[PDB]
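Here's the structure, in structure tokens; my notes come after.
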Amino acid sequence: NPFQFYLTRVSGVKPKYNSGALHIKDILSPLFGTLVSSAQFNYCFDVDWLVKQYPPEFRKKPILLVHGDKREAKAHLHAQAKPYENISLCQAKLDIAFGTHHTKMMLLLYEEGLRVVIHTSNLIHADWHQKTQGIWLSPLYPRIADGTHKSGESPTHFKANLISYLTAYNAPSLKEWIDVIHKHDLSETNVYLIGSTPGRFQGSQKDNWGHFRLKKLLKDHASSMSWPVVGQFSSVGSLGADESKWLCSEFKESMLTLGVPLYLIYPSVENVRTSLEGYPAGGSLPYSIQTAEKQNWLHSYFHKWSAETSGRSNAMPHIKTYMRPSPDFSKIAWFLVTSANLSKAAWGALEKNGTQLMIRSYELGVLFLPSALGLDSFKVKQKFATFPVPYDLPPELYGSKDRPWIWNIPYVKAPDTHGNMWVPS
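Numbering (PDB author numbering), first residue to last: 162 to 386, 391 to 424, 435 to 559, 568 to 608.
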């Protein structure tokens, strides 16, 4: 299968809905290769839990946790890890305020080669239990033969792009991973890397990251042919007093690039209330009343979470996806799975009269382009050459009574799936 795009397993749905899905235990299985060492980039970690996901035989192999924790939270993470002698930590520098290290990626070095996994799940039990999450699995990259002269690069330039991404951390522990990557052949890679890294990027450096990086790839490797843009995420930042400030101006502009209706999918209160988790799903859908009340204009773009196609309408989304379907939603010009939610922090925001792109966070995704497969478009796989879109199309608009899930206000008029109310505080 050319895509290697997978959803995580969801407990409590019919087996047919998990047949082609993966659990972290599957990803780390001996069947995937003989593990020597690994790196786990993420945001939240439950170390005891993480360790048990590795098979017993591999549990003592070295593990690098790359995170953005600071101060006490950092101390706590070090405390979680102390008992496991084989675990080292790398604190990603977060020199711009309010940034987070949000990238979810696994680097898995085996006796037989190297695997890169870019996905959407935090390393905690609940993210892999009853949520809809996405996974892209690289091929097993072989090591470059000890006497050849090859770049090991793919036509999408994934190898150099991933190295640049690691290089931006400027961390000694990652230099070791960069060196490992240099040693392998990633030429079979058919996706484009889209990363965000904290900084202020000017000149041509603007095209390296965030939504400009996406813009640049859509201009170079896609071509033009009322194809809407679909954006689907689990968090929402403060986007401005009105939409011309960022959403429609730079964000949509980048997304509509090729060689226009914008539909945003974000769970309503009702979607969360009736989920497999009930209201506690809302603990992973941050959207503060503080921010929401300043931008009620945004909510007219919102569409309900519906995933009958993958049996996951009740499995709340923590996956994030962006794509460009045709007017009848039967095909798509491209598809992106990433850790980036709907925020300036994640995607970047122009500064100094559009000469400088400011990004606060680390984010990472893979872009699927028909040109990389020799195609002009992908047909949408109706029931999860055809791309497996994990939610239903066309997107369904919020009803008049719907509200976007807002996590720091109470919902006490209707009980959820487990008969509970939600009272933050």
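Just so you know, even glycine gets a beta-carbon here, dropped at the ideal spot from N, CA and C.
Excluding the 5 residues preceding and the 5 following residue i in the sequence, name in chain order all residues of the same chain whose CB lies nearer than 6 Å to its CB.
{"i": "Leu439", "result": "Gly396, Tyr476, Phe477"}
{"i": "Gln241", "result": "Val208"}
{"i": "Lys417", "result": "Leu437"}
Between the Cα of residue i and those of the options, spot the shortest distance and give me the residue it belongs to.
{"i": "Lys311", "options": "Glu337, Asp207, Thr358, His343", "result": "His343"}
{"i": "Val541", "options": "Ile534, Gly313, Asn322", "result": "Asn322"}
{"i": "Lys377", "options": "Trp392, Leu473, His239, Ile355", "result": "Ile355"}
{"i": "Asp407", "options": "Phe362, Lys380, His474, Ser384", "result": "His474"}
{"i": "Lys506", "options": "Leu544, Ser518, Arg586", "result": "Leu544"}
{"i": "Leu268", "options": "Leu189, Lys292, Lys243, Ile305", "result": "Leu189"}
{"i": "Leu525", "options": "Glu233, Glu415, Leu301, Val341", "result": "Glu415"}
{"i": "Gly458", "options": "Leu404, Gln470, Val444", "result": "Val444"}
{"i": "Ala508", "options": "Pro217, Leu255, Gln366, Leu379", "result": "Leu379"}
{"i": "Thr281", "options": "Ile185, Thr358, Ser180, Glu273", "result": "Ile185"}
{"i": "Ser385", "options": "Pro500, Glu483, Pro300", "result": "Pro500"}
{"i": "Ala547", "options": "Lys254, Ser180, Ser348", "result": "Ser348"}
{"i": "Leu451", "options": "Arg220, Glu273, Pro216, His290", "result": "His290"}
{"i": "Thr358", "options": "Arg232, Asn351, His372, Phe164", "result": "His372"}
For the beta strand (DSSP E) containing residue i, name the first residue and the last one.
{"i": "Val394", "result": "394-397"}
{"i": "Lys380", "result": "Here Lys380 belongs to no beta strand (DSSP E); instead the alpha helix (DSSP H) covers 371-382."}
{"i": "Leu335", "result": "Premise fails: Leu335 lies in the alpha helix (DSSP H), 333-344, not in any beta strand (DSSP E)."}
{"i": "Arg499", "result": "495-500"}
{"i": "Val606", "result": "Careful: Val606 lies outside any beta strand (DSSP E) and carries neither H nor E."}
{"i": "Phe319", "result": "Careful: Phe319 lies outside any beta strand (DSSP E), inside the alpha helix (DSSP H) at 319-328."}
{"i": "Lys554", "result": "553-555"}
Helix, strand or coil for residue i? Go by DSSP, reduced to three states.
{"i": "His239", "result": "helix"}
{"i": "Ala200", "result": "strand"}
{"i": "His280", "result": "strand"}
{"i": "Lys254", "result": "coil"}
{"i": "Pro223", "result": "coil"}
{"i": "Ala508", "result": "strand"}
{"i": "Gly173", "result": "coil"}
{"i": "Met533", "result": "strand"}
{"i": "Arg232", "result": "helix"}
{"i": "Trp297", "result": "strand"}
{"i": "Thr513", "result": "strand"}
{"i": "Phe164", "result": "coil"}
{"i": "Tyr245", "result": "coil"}
{"i": "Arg361", "result": "strand"}
To which residues of the same chain is residue i closer than 7 Å at the C-beta, ignoring the five residues directly before and after it?
{"i": "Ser481", "result": "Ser488, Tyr574, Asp575, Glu579"}
{"i": "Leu421", "result": "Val394"}
{"i": "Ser198", "result": "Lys222, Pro223, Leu270"}
{"i": "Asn528", "result": "none"}
{"i": "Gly486", "result": "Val174, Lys175, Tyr178"}
{"i": "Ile464", "result": "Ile589, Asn591, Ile592"}
Just reading off the alpha helix (DSSP H) that residue i is part of, what are its end residues?
{"i": "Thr466", "result": "464-468"}
{"i": "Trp522", "result": "519-522"}
{"i": "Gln214", "result": "208-214"}
{"i": "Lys367", "result": "Looking at the DSSP string, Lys367 is not in any alpha helix (DSSP H), and its letter there is neither H nor E."}
{"i": "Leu421", "result": "417-421"}
{"i": "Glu218", "result": "Where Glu218 is concerned, there is no enclosing alpha helix (DSSP H), given that its DSSP letter is neither H nor E."}
For chain C, is any of its Cβ atoms less than 9 Å away from the one on residue i?
{"i": "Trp605", "result": "The structure shown contains no chain C; it holds only a single protein chain."}
Skipping 5 residues on each side, what residues in its chain have a beta carbon closer than 8 Å to that of residue i?
{"i": "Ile305", "result": "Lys311, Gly313, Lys344, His345, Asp346"}
Does the stretch 527-539 come close enough to the stretch 593-604 that 3 or more CB-CB pairs lie under 8 Å? Because the criterion of three Cβ pairs below 8 Å is not met, the stretch 593-604 and the stretch 527-539 do not touch.
I'd like to know if the stretch 317-331 and the stretch 510-519 are in contact, where contact means that at least 3 CB-CB pairs between them fall below 8 Å. Touching, no.
Any 3 or more C-beta pairs closer than 8 Å across the stretch 221-235 and the stretch 180-195: The stretch 221-235 is not in contact with the stretch 180-195.
Check whether the stretch 278-294 touches the stretch 233-240, counting contact only when three or more Cβ pairs, one atom from each stretch, lie closer than 8 Å. Because the criterion of three Cβ pairs below 8 Å is not met, the stretch 278-294 and the stretch 233-240 do not touch.
With contact counted as at least three CB pairs below 8 Å, one residue from each stretch, are the stretch 250-265 and the stretch 198-218 in contact? Yes: at least three Cβ pairs fall under 8 Å.
Is there contact between the stretch 328-340 and the stretch 243-256, where contact requires at least three CB pairs shorter than 8 Å? A contact exists between the stretch 328-340 and the stretch 243-256.
Taking one C-beta from the stretch 166-177 and one from the stretch 291-310 each time, how about it: are there three or more such pairs within less than 8 Å? In the pairwise beta carbon analysis, the stretch 166-177 is classified as touching the stretch 291-310: at least three pairs are separated by under 8 Å.
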